[PDB]
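Report on the following structure.
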Amino acid sequence: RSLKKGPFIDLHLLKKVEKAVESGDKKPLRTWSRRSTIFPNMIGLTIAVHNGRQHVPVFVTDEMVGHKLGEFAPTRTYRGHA
Amino acid sequence: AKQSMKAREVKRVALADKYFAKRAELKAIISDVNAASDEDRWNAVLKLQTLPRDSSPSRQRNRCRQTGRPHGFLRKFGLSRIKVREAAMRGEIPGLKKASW
Amino acid sequence: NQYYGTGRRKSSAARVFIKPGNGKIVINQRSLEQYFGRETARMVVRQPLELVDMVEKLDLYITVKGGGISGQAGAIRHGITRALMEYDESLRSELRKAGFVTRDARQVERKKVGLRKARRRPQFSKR
Amino acid sequence: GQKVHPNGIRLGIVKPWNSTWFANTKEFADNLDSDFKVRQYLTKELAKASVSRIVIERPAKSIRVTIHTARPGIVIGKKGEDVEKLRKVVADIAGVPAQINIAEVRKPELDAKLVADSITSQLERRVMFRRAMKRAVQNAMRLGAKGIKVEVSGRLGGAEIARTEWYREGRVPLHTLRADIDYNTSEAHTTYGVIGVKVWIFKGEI
Amino acid sequence: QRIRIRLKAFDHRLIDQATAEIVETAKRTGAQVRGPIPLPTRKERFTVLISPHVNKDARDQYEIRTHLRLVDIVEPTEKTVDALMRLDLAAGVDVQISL
Amino acid sequence: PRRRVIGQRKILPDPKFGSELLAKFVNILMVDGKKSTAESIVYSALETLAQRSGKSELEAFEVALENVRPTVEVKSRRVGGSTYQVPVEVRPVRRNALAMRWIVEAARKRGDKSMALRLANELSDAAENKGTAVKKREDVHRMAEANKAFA
RNA sequence: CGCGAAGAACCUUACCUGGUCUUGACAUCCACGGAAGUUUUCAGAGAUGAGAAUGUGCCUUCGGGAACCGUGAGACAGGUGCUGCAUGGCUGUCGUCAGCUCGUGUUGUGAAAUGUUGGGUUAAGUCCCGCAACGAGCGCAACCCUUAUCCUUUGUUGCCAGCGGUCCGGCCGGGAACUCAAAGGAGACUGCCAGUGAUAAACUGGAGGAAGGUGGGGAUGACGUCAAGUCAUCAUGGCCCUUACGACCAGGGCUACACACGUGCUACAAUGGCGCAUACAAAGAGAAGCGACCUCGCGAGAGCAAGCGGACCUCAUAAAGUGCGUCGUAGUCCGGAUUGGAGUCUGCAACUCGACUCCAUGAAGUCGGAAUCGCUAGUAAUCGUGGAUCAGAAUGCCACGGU
Ligand SMILES: CN(CC(=O)O)NC(=O)C[C@H](N)C[C@@H](O)CNCCCN
Ligand SMILES: [Mg+2]
Ligand SMILES: [Mg+2]
Ligand SMILES: [Mg+2]
Ligand SMILES: [Mg+2]
Ligand SMILES: [Mg+2]
Ligand SMILES: [Mg+2]
Ligand SMILES: [Mg+2]
Ligand SMILES: [Mg+2]
Ligand SMILES: [Mg+2]
Ligand SMILES: [Mg+2]
Ligand SMILES: [Mg+2]
Ligand SMILES: [Mg+2]
Ligand SMILES: [Mg+2]
Ligand SMILES: [Mg+2]
Ligand SMILES: [Mg+2]
Ligand SMILES: [Mg+2]
Ligand SMILES: [Mg+2]
Ligand SMILES: [Mg+2]
Ligand SMILES: [Mg+2]
Ligand SMILES: [Mg+2]
Ligand SMILES: [Mg+2]
Ligand SMILES: [Mg+2]
Ligand SMILES: [Mg+2]
Ligand SMILES: [Mg+2]
Ligand SMILES: [Mg+2]
Ligand SMILES: [Mg+2]
Ligand SMILES: [Mg+2]
Ligand SMILES: [Mg+2]
Ligand SMILES: [Mg+2]
Ligand SMILES: [Mg+2]
Ligand SMILES: [Mg+2]
Ligand SMILES: [Mg+2]
């Protein structure tokens, strides 16, 4: 829980979103920035988020705002023991 | 300890005093509340990230000065725990004798 | 005139002044019932003046420092005997058999490396 | 079992420190490291000058190095050229101006460092290690020592299995704290690996 | 006004001949001296593992003692001030003057 | 022990009465070094013996101690692979030590509210030769004259 | 098996995926061109990519010299790659167990023996007698550190007995008595005495003494054993890789989770829980730090901000304890795991994966099968405090005192 004086976002994601919003969407937007906050400006976009080997496409719903981008890309492969 | 690991420590320390301990103003008093509470602080939180990923005093590992060991460090001597014993028995650390209480 | 004694216990130190004639016990500018809440501590300061009968016959001015409740009370009892032996010089062999002249030299043992306490060893398992 | 270092247990009892300076916590690690640099340089340069001990002492903000040596005429040189081709580089490593002084070890055969360096040079020259060992024990007892022990370790004569062989003469009471025991260590680098040498020399009590 | 001089060293024999030389020397030119005062001895302690690899319970414990002596001079005559500056004592003794 | 054989260590008397058997009783009750809390239970329980069931305060504790004292005990004595239970005469300092432990351990497994009341009823039950501290004493004496033949 | 690791979000980091480099991230030498350094710019996740503004110092053989940069090529650099069964150094362990050897002599064809065995005694191969052994060395003990008593010196930032004053605060003059600080000295040696023992050693007991039989605790680990541990702290022989097993970067992982084991913490309550009031410590740390007073916040904390490189200032309010009240044996006013919401701080960054605060939630657990561990006195048990590592992050570790 970061303090209330400023939410965090990268610069390269912040600028790549704002250009991509004023053109209609696209490809899924490749980023490595798992730590950046999803903003209100990004509802509707598709962001391909790195998880270690792949980029998981996340379509931003309204209720994903306020969370971090890395919450919607699982970094660990696991399915049972036996 | 793998020569290039010794060079990482000496680059990090040169790039931190290049920028920081002077270019701390962006977080020193730009991120505290007065008339600078407008978009100027928001320009600081973004401008503080385009300085290189190094340059911060919290990425220095503080290795031993002779062997480069990352663990067992003692800030008082600058050596690892191996080198302080190897050098204390020869009488070269001043005043450092075996304690018995 | 005052007759002075120094007594010490675990980490406590007591200074003791005695003046002829009263049953006044004052310790750190407090009386005994206000200073020592424990009646065992109340009864170990009265031990050397109950063996030697100077109960309403000798005043006592006491200061203490350091240690805790029972440590400070034992340092006083040792310090009263040293003061009463400067006063008379012949209450000595009366007090040696009461064990009040021996300075109790039992101190806390230091914690040792590899051990959880001074002597308690961590739990061993065969495998 | 493992033994205590006989020099460290006697520091402040009969053995002095090799550094005699004071510092707060600010400049302790810099004075300690720069003394490592000045010691490493003086050992490499006075290699065949038979150097026993390097005593470093810092006044207010100068440093002065006292070198105990067996061959002082070579350390000073011809005209006094190599004491200040030594002091313009020591003062550049310590950061403060330097004043080199030069001492004497009168009998190098009763110094554990010099006796240990004699075996290491001979072991790397392919000399039988026993004669190197027994000559060091013999030369020390004829010069008045009350004891000596030498010890070599590791792949002796190029053998595949390493062994440690030691030879004692006189009296070396390492458990006695009053004993003036001079102990030092050296390493020989041969074509089959490293051979370590240890020398204890006992000179009397108190 | 009393000039106050604190001496710090790792050795107590070296520190006493540093006190003895400044106790010698203010009285050389006629000053009030109180003499030397022992300040409390600071012991720093250190506890290292002595194996290169495991064995947590095998250790060595080292310490550094720092000995303190205090002498104040409240006759600072002007024969004293530079005559106190011309004095050569040992390299193991830290002197710090302060008014 | 084999070699270092011991003298004794000294106990202080009690403050209110001046008895060390009473002070040994507070030591046996004490848990985790809390000596002041053990005297509070021991003092409050003994006067609540006095006017509930019969006077002479400290005379009543010694007489309750007279019944729980054993005289014989069993002890195992090994021969070559066979251990007999041999009945032993218990010594007078061991008599009080076993009696006070059985009183304290009787009072802990009761159903009263406080510990000072559990102590008071077990000391009262010992005066009437009833309870569980007396029956702990009875089982020791029953086993001893059961193995009388292995003397 | 809370072990290397005295402290993995990035870093550390050695692992993975992807993006990149090939005399190199680190060192020497040669040649040429540029003194450097600074601010800025757009691309890229970043390493890097394409430039602008600027400087053109100090030495001057001022044909040039040293610091620093770029480019080329070569010898080379580089490896936390393998072998601890090729090694050094260092360490564990039996074990702080009382042992382990040698010289000369003598006995035996000889491997070997004697000494070192025997009678006593001791913690001790400790000491005394005896004896084909006479002596010596490494161990034992002592010398060293700390603690317990006293004496001398000095007396602040530490102290307050006698005095004067007081705001009744050691507070102010003052005192050097006392506590205390740290240098020096004394003291314990079976020294004295009874008894027992072989005219022995030595043992039991007594006196004096603060302390009595190595007074308490520490450091000190003999010859060797386990081809014990460590090529990964370092060093190093051999082997192997070299436009890669080397170097740079972003994100991830070392924190996974049917399960099994070790070491711990917190509990299952009344010798207690909660509420109010109030006592008595030692020892440590502090300058890109410790941070008072005051103000704001329920709180973690925020603002302002003096003092302190410290017997002075700060961390820093010791807790168990004591007095009063309540709960009245309940899955409880016991327990505080788990989860939801709102926050604070460190830091480019708190999603994976930090600590702490507030409100709510209120699991298991009612003393634990077979088995098994520690401790002989200021010990066990119980209760708080500090430190290293460290931006932040201990129930671990290393220390300190109370009962
Ligand atoms: C935690 N407390 C709970 C309590 O207080 O009872 N103690 C215990 O669990 C141990 C139990 N008391 C005794 C046990 O060690 C010996 N019995 C052996 C059984 C068969 N080997
Ligand atoms: Mg290397
Ligand atoms: Mg860090
Ligand atoms: Mg304790
Ligand atoms: Mg452990
Ligand atoms: Mg050791
Ligand atoms: Mg990385
Ligand atoms: Mg990582
Ligand atoms: Mg790759
Ligand atoms: Mg390597
Ligand atoms: Mg091995
Ligand atoms: Mg090894
Ligand atoms: Mg292995
Ligand atoms: Mg053995
Ligand atoms: Mg022989
Ligand atoms: Mg023969
Ligand atoms: Mg033998
Ligand atoms: Mg034999
Ligand atoms: Mg004896
Ligand atoms: Mg024997
Ligand atoms: Mg014999
Ligand atoms: Mg012997
Ligand atoms: Mg010894
Ligand atoms: Mg003394
Ligand atoms: Mg006696
Ligand atoms: Mg690689
Ligand atoms: Mg791990
Ligand atoms: Mg209550
Ligand atoms: Mg219940
Ligand atoms: Mg249930
Ligand atoms: Mg509750
Ligand atoms: Mg509940
Ligand atoms: Mg920290």
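Naming scheme: A, B, ... for chains in displayed order of the structure tokens; residues 1 onward per chain; ligands 1 onward as shown.
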**Request:** Could the residues that lie within 12 Å of ligand 21, counting only C-alpha atoms (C1' of nucleotides) and all ligand atoms, be listed as an MDAnalysis selection string?
**Result:** chainID G and resid 114:119 125 128:134
**Message:** I want to know what sits within 7 Å of residue 5 of chain E, based on only C-alpha atoms (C1' of nucleotides), with residues of the same chain fewer than 2 positions away left out; could you give that as number ranges by chain?
**Reply:** E: 3, 7, 70-72, 95-98
**Request:** Might you pull out every residue within 9 Å of residue 79 of chain C, with only C-alpha atoms (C1' of nucleotides) counted and same-chain residues fewer than 3 positions away left off, and present them as a ChimeraX atom specification?
**Result:** /C:4-8,13-16,62,74-76,82-84
**Message:** Could you list, as a list in words, all protein and nucleic acid residues with an atom at most 10 Å from ligand 14, counting only C-alpha atoms (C1' of nucleotides) and all ligand atoms?
**Reply:**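 The distance check yields residues 94, 95, 97, 98, 99 and 224 of chain G.
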Requested write-out: N, CA and C atoms (P, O5', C5', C4', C3', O3' and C1' of nucleotides) of the selected residues, as a PDB file, in the first residue's frame:
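result26.pdb was written with the following content:
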```
ATOM      1  P     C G  94      32.586 -33.976  20.737  1.00  0.00           P
ATOM      2  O5'   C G  94      33.221 -35.282  21.372  1.00  0.00           O
ATOM      3  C5'   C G  94      32.656 -36.555  21.113  1.00  0.00           C
ATOM      4  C4'   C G  94      33.725 -37.601  20.922  1.00  0.00           C
ATOM      5  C3'   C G  94      34.769 -37.689  22.017  1.00  0.00           C
ATOM      6  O3'   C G  94      34.314 -38.477  23.102  1.00  0.00           O
ATOM      7  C1'   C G  94      35.823 -37.709  19.894  1.00  0.00           C
ATOM      8  P     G G  95      34.802 -38.180  24.603  1.00  0.00           P
ATOM      9  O5'   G G  95      34.609 -36.610  24.746  1.00  0.00           O
ATOM     10  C5'   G G  95      34.904 -35.931  25.958  1.00  0.00           C
ATOM     11  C4'   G G  95      35.550 -34.594  25.701  1.00  0.00           C
ATOM     12  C3'   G G  95      34.911 -33.757  24.596  1.00  0.00           C
ATOM     13  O3'   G G  95      35.025 -32.388  24.954  1.00  0.00           O
ATOM     14  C1'   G G  95      37.187 -34.118  24.104  1.00  0.00           C
ATOM     15  P     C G  97      36.810 -32.732  30.562  1.00  0.00           P
ATOM     16  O5'   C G  97      37.420 -34.066  29.942  1.00  0.00           O
ATOM     17  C5'   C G  97      36.781 -35.325  30.094  1.00  0.00           C
ATOM     18  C4'   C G  97      37.546 -36.417  29.385  1.00  0.00           C
ATOM     19  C3'   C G  97      38.923 -36.709  29.966  1.00  0.00           C
ATOM     20  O3'   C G  97      38.893 -37.561  31.093  1.00  0.00           O
ATOM     21  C1'   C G  97      39.049 -36.629  27.614  1.00  0.00           C
ATOM     22  P     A G  98      39.711 -37.196  32.420  1.00  0.00           P
ATOM     23  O5'   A G  98      41.187 -37.616  32.000  1.00  0.00           O
ATOM     24  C5'   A G  98      41.566 -38.989  31.919  1.00  0.00           C
ATOM     25  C4'   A G  98      42.935 -39.160  31.304  1.00  0.00           C
ATOM     26  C3'   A G  98      44.098 -38.881  32.249  1.00  0.00           C
ATOM     27  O3'   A G  98      45.259 -39.634  31.878  1.00  0.00           O
ATOM     28  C1'   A G  98      44.135 -37.334  30.469  1.00  0.00           C
ATOM     29  P     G G  99      45.303 -41.241  31.964  1.00  0.00           P
ATOM     30  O5'   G G  99      44.944 -41.708  30.485  1.00  0.00           O
ATOM     31  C5'   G G  99      45.975 -41.893  29.525  1.00  0.00           C
ATOM     32  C4'   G G  99      45.772 -41.017  28.319  1.00  0.00           C
ATOM     33  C3'   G G  99      46.816 -41.134  27.216  1.00  0.00           C
ATOM     34  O3'   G G  99      46.536 -42.172  26.298  1.00  0.00           O
ATOM     35  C1'   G G  99      46.522 -38.865  27.786  1.00  0.00           C
ATOM     36  P     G G 224      50.495 -35.928  14.706  1.00  0.00           P
ATOM     37  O5'   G G 224      49.711 -37.298  14.541  1.00  0.00           O
ATOM     38  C5'   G G 224      48.451 -37.361  13.893  1.00  0.00           C
ATOM     39  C4'   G G 224      47.543 -38.331  14.602  1.00  0.00           C
ATOM     40  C3'   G G 224      46.193 -38.584  13.966  1.00  0.00           C
ATOM     41  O3'   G G 224      46.267 -39.528  12.915  1.00  0.00           O
ATOM     42  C1'   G G 224      45.916 -38.211  16.279  1.00  0.00           C
TER      43        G G 224
END
```
Interface rows for chain G against chain B: nearest pair, Å to one decimal, 12 Å, only C-alpha atoms (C1' of nucleotides), as a Markdown table:
```
| residue | atom | partner | partner_atom | distance |
| --- | --- | --- | --- | --- |
| G:4 | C1' | B:71 | CA | 9.3 |
| G:5 | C1' | B:71 | CA | 7.0 |
| G:6 | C1' | B:72 | CA | 5.8 |
| G:7 | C1' | B:71 | CA | 10.0 |
| G:10 | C1' | B:59 | CA | 7.8 |
| G:11 | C1' | B:59 | CA | 4.6 |
| G:12 | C1' | B:61 | CA | 6.1 |
| G:13 | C1' | B:5 | CA | 10.3 |
| G:14 | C1' | B:2 | CA | 9.6 |
| G:24 | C1' | B:4 | CA | 11.5 |
| G:25 | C1' | B:4 | CA | 5.6 |
| G:26 | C1' | B:3 | CA | 5.9 |
| G:27 | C1' | B:3 | CA | 11.0 |
| G:37 | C1' | B:18 | CA | 11.6 |
| G:38 | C1' | B:18 | CA | 11.5 |
| G:45 | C1' | B:53 | CA | 11.8 |
| G:46 | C1' | B:53 | CA | 9.1 |
| G:47 | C1' | B:53 | CA | 11.2 |
| G:77 | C1' | B:3 | CA | 10.8 |
| G:78 | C1' | B:3 | CA | 8.2 |
| G:79 | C1' | B:2 | CA | 8.0 |
| G:80 | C1' | B:2 | CA | 6.9 |
| G:89 | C1' | B:86 | CA | 9.8 |
| G:90 | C1' | B:82 | CA | 9.0 |
| G:91 | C1' | B:82 | CA | 11.7 |
| G:144 | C1' | B:100 | CA | 9.5 |
| G:145 | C1' | B:100 | CA | 5.0 |
| G:146 | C1' | B:101 | CA | 4.4 |
| G:147 | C1' | B:101 | CA | 9.0 |
| G:217 | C1' | B:101 | CA | 8.1 |
| G:218 | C1' | B:100 | CA | 5.6 |
| G:219 | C1' | B:100 | CA | 6.0 |
| G:220 | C1' | B:100 | CA | 11.3 |
| G:232 | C1' | B:1 | CA | 8.5 |
| G:233 | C1' | B:69 | CA | 6.1 |
| G:234 | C1' | B:67 | CA | 6.6 |
| G:235 | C1' | B:67 | CA | 11.1 |
| G:246 | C1' | B:4 | CA | 10.3 |
| G:247 | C1' | B:4 | CA | 8.2 |
| G:248 | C1' | B:4 | CA | 10.7 |
| G:249 | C1' | B:53 | CA | 10.7 |
| G:250 | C1' | B:53 | CA | 11.0 |
| G:288 | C1' | B:21 | CA | 7.6 |
| G:302 | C1' | B:32 | CA | 10.1 |
| G:303 | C1' | B:33 | CA | 9.9 |
| G:346 | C1' | B:58 | CA | 10.4 |
| G:347 | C1' | B:58 | CA | 7.6 |
| G:348 | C1' | B:49 | CA | 5.1 |
| G:349 | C1' | B:49 | CA | 9.4 |
| G:388 | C1' | B:74 | CA | 8.1 |
| G:389 | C1' | B:73 | CA | 7.6 |
| G:390 | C1' | B:61 | CA | 10.6 |
| G:391 | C1' | B:58 | CA | 5.7 |
| G:392 | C1' | B:58 | CA | 9.9 |
| G:399 | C1' | B:101 | CA | 11.4 |
```
**Prompt:** Mind pulling up the distance from atom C1' of residue 350 of chain G to atom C1' of residue 8 of chain G?
**Reply:**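 Taking atom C1' of residue 8 of chain G and atom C1' of residue 350 of chain G, their separation equals 14.9 Å.
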**Sel. of alpha helix (DSSP H) residues, chain F, as a PyMOL selection string** = chain F and resi 21-29+35-53+57-65+92-108+115-127+133-144
For the selection you just gave me, I'd like the residues written to a file as a PDB file, in the first residue's frame, keeping C-alpha atoms.
```
ATOM      1  CA  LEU F  21       9.109 -25.820  56.912  1.00  0.00           C
ATOM      2  CA  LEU F  22       6.415 -23.246  56.172  1.00  0.00           C
ATOM      3  CA  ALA F  23       8.905 -21.561  53.835  1.00  0.00           C
ATOM      4  CA  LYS F  24       9.635 -24.872  52.148  1.00  0.00           C
ATOM      5  CA  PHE F  25       5.878 -25.132  51.607  1.00  0.00           C
ATOM      6  CA  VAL F  26       5.865 -21.804  49.774  1.00  0.00           C
ATOM      7  CA  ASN F  27       8.825 -22.892  47.651  1.00  0.00           C
ATOM      8  CA  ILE F  28       7.050 -26.076  46.587  1.00  0.00           C
ATOM      9  CA  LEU F  29       3.930 -24.104  45.659  1.00  0.00           C
ATOM     10  CA  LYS F  35       7.414 -16.020  45.194  1.00  0.00           C
ATOM     11  CA  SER F  36       5.177 -13.119  46.240  1.00  0.00           C
ATOM     12  CA  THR F  37       2.150 -14.740  44.616  1.00  0.00           C
ATOM     13  CA  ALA F  38       2.858 -18.032  46.346  1.00  0.00           C
ATOM     14  CA  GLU F  39       2.900 -16.446  49.793  1.00  0.00           C
ATOM     15  CA  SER F  40      -0.392 -14.727  49.019  1.00  0.00           C
ATOM     16  CA  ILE F  41      -2.020 -18.085  48.347  1.00  0.00           C
ATOM     17  CA  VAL F  42      -0.322 -19.793  51.303  1.00  0.00           C
ATOM     18  CA  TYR F  43      -1.119 -17.068  53.833  1.00  0.00           C
ATOM     19  CA  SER F  44      -4.740 -16.554  52.778  1.00  0.00           C
ATOM     20  CA  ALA F  45      -5.364 -20.307  52.744  1.00  0.00           C
ATOM     21  CA  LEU F  46      -4.059 -20.886  56.261  1.00  0.00           C
ATOM     22  CA  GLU F  47      -6.203 -18.403  58.174  1.00  0.00           C
ATOM     23  CA  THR F  48      -9.177 -19.693  56.139  1.00  0.00           C
ATOM     24  CA  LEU F  49      -8.293 -22.982  57.757  1.00  0.00           C
ATOM     25  CA  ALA F  50      -8.263 -21.320  61.168  1.00  0.00           C
ATOM     26  CA  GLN F  51     -11.701 -19.819  61.703  1.00  0.00           C
ATOM     27  CA  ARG F  52     -13.551 -22.101  59.300  1.00  0.00           C
ATOM     28  CA  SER F  53     -12.447 -25.322  61.023  1.00  0.00           C
ATOM     29  CA  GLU F  57      -3.198 -21.450  62.997  1.00  0.00           C
ATOM     30  CA  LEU F  58       0.202 -23.099  62.483  1.00  0.00           C
ATOM     31  CA  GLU F  59      -0.415 -25.978  64.884  1.00  0.00           C
ATOM     32  CA  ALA F  60      -3.173 -26.912  62.441  1.00  0.00           C
ATOM     33  CA  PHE F  61      -0.760 -27.083  59.524  1.00  0.00           C
ATOM     34  CA  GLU F  62       1.702 -29.374  61.325  1.00  0.00           C
ATOM     35  CA  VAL F  63      -1.109 -31.732  62.385  1.00  0.00           C
ATOM     36  CA  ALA F  64      -2.390 -31.898  58.797  1.00  0.00           C
ATOM     37  CA  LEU F  65       1.206 -32.740  57.836  1.00  0.00           C
ATOM     38  CA  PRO F  92      12.534 -37.603  58.150  1.00  0.00           C
ATOM     39  CA  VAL F  93      13.571 -34.836  55.744  1.00  0.00           C
ATOM     40  CA  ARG F  94      12.135 -36.883  52.862  1.00  0.00           C
ATOM     41  CA  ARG F  95       8.953 -37.413  54.856  1.00  0.00           C
ATOM     42  CA  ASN F  96       8.058 -33.709  54.799  1.00  0.00           C
ATOM     43  CA  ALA F  97       9.144 -33.330  51.167  1.00  0.00           C
ATOM     44  CA  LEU F  98       6.804 -36.046  49.932  1.00  0.00           C
ATOM     45  CA  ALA F  99       3.955 -34.865  52.158  1.00  0.00           C
ATOM     46  CA  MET F 100       4.068 -31.232  51.015  1.00  0.00           C
ATOM     47  CA  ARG F 101       4.297 -32.190  47.333  1.00  0.00           C
ATOM     48  CA  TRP F 102       1.262 -34.466  47.633  1.00  0.00           C
ATOM     49  CA  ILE F 103      -0.727 -31.713  49.349  1.00  0.00           C
ATOM     50  CA  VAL F 104       0.122 -29.165  46.652  1.00  0.00           C
ATOM     51  CA  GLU F 105      -0.534 -31.639  43.837  1.00  0.00           C
ATOM     52  CA  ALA F 106      -3.821 -32.618  45.492  1.00  0.00           C
ATOM     53  CA  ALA F 107      -4.966 -28.971  45.594  1.00  0.00           C
ATOM     54  CA  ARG F 108      -4.229 -28.343  41.923  1.00  0.00           C
ATOM     55  CA  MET F 115      -5.890 -21.666  44.409  1.00  0.00           C
ATOM     56  CA  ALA F 116      -5.959 -20.320  47.960  1.00  0.00           C
ATOM     57  CA  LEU F 117      -9.341 -21.994  48.471  1.00  0.00           C
ATOM     58  CA  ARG F 118      -8.246 -25.265  46.854  1.00  0.00           C
ATOM     59  CA  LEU F 119      -5.304 -25.282  49.251  1.00  0.00           C
ATOM     60  CA  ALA F 120      -7.532 -24.589  52.242  1.00  0.00           C
ATOM     61  CA  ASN F 121      -9.906 -27.487  51.553  1.00  0.00           C
ATOM     62  CA  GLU F 122      -7.128 -29.998  50.878  1.00  0.00           C
ATOM     63  CA  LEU F 123      -5.514 -29.013  54.169  1.00  0.00           C
ATOM     64  CA  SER F 124      -8.933 -29.352  55.816  1.00  0.00           C
ATOM     65  CA  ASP F 125      -9.481 -32.739  54.147  1.00  0.00           C
ATOM     66  CA  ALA F 126      -6.061 -33.843  55.391  1.00  0.00           C
ATOM     67  CA  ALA F 127      -7.114 -32.972  58.930  1.00  0.00           C
ATOM     68  CA  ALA F 133      -3.610 -36.514  49.365  1.00  0.00           C
ATOM     69  CA  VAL F 134      -4.439 -39.084  52.048  1.00  0.00           C
ATOM     70  CA  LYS F 135      -5.304 -41.678  49.418  1.00  0.00           C
ATOM     71  CA  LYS F 136      -2.039 -40.934  47.610  1.00  0.00           C
ATOM     72  CA  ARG F 137      -0.459 -41.825  50.968  1.00  0.00           C
ATOM     73  CA  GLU F 138      -2.644 -44.914  51.286  1.00  0.00           C
ATOM     74  CA  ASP F 139      -1.601 -46.355  47.933  1.00  0.00           C
ATOM     75  CA  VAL F 140       2.085 -45.964  48.818  1.00  0.00           C
ATOM     76  CA  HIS F 141       1.587 -47.843  52.090  1.00  0.00           C
ATOM     77  CA  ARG F 142      -0.563 -50.510  50.459  1.00  0.00           C
ATOM     78  CA  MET F 143       2.123 -51.318  47.900  1.00  0.00           C
ATOM     79  CA  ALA F 144       4.827 -51.402  50.581  1.00  0.00           C
TER      80      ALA F 144
END
```
**Request:** Compute the set of chain C residues within 12 Å of chain B, using only C-alpha atoms, and express it as a list in words.
**Result:**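 So the residues of chain C near chain B are residues 109, 110, 111 and 112 of chain C.
Note that the spacing between atom CA of residue 123 of chain C and atom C1' of residue 267 of chain G amounts to 20.8 Å.
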Within 12 Å of chain G: residues of chain A, using only C-alpha atoms (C1' of nucleotides), as a CSV table (one decimal) with C-alpha atoms, in the first residue's frame:
```csv
chain,number,residue,atom,x,y,z
A,1,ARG,CA,0.0,0.0,0.0
A,2,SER,CA,1.8,3.0,-1.4
A,3,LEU,CA,1.1,6.3,0.4
A,4,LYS,CA,-1.7,8.6,-0.7
A,5,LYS,CA,0.6,11.2,-2.2
A,7,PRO,CA,-0.1,6.7,-7.4
A,8,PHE,CA,2.6,5.1,-9.4
A,9,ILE,CA,2.9,4.4,-13.1
A,10,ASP,CA,5.9,4.1,-15.5
A,11,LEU,CA,6.6,6.8,-18.0
A,12,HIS,CA,6.8,4.6,-21.0
A,13,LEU,CA,3.5,3.0,-20.2
A,30,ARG,CA,3.3,-5.0,-25.2
A,31,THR,CA,4.7,-3.9,-21.9
A,32,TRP,CA,7.0,-5.3,-19.2
A,33,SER,CA,5.5,-3.0,-16.5
A,34,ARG,CA,3.9,-5.3,-14.0
A,35,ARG,CA,4.2,-2.7,-11.2
A,36,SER,CA,2.2,0.2,-12.8
A,37,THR,CA,-1.3,1.2,-11.7
A,38,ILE,CA,-4.2,0.8,-14.0
A,49,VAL,CA,1.6,-8.0,-19.6
A,50,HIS,CA,4.8,-10.0,-19.1
A,51,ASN,CA,4.7,-12.9,-16.7
A,52,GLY,CA,8.3,-14.2,-17.1
A,53,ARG,CA,8.1,-15.9,-20.5
A,54,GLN,CA,4.8,-14.8,-22.1
A,55,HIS,CA,2.7,-11.6,-22.4
A,66,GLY,CA,-6.9,0.9,-8.8
A,67,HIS,CA,-5.1,-2.4,-9.0
A,68,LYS,CA,-1.7,-3.1,-10.3
A,69,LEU,CA,-1.1,-4.5,-13.8
A,70,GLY,CA,0.8,-7.5,-12.4
A,71,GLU,CA,-2.2,-8.8,-10.6
A,72,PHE,CA,-3.8,-9.9,-13.9
A,73,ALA,CA,-0.8,-12.0,-15.1
A,74,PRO,CA,0.1,-15.1,-13.1
A,75,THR,CA,3.8,-15.7,-12.9
A,76,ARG,CA,3.6,-19.3,-11.6
A,77,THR,CA,2.6,-22.4,-13.5
A,78,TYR,CA,0.9,-24.9,-11.2
A,79,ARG,CA,-1.8,-27.6,-11.7
A,80,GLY,CA,-2.0,-30.3,-9.1
A,81,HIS,CA,0.4,-32.8,-7.5
A,82,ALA,CA,-1.1,-36.1,-8.5
```
**Item:** Expected selection as an MDAnalysis selection string for ligand 25 within 9 Å, only C-alpha atoms (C1' of nucleotides) and all ligand atoms
**Value:** chainID G and resid 206:209 212
**Request:** Please provide the set of residues having any atom within 8 Å of residue 47 of chain A, restricted to only C-alpha atoms (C1' of nucleotides), with same-chain residues fewer than 2 positions apart removed, written as a PyMOL selection string.
**Result:** chain A and resi 28-31+45+49+56-60
**Asked** Do you know which residues are within 12 Å of ligand 28 using only C-alpha atoms (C1' of nucleotides) and all ligand atoms? Can you write them as a PyMOL selection string?
**Response** (chain F and resi 114) or (chain G and resi 270-275+323-328)
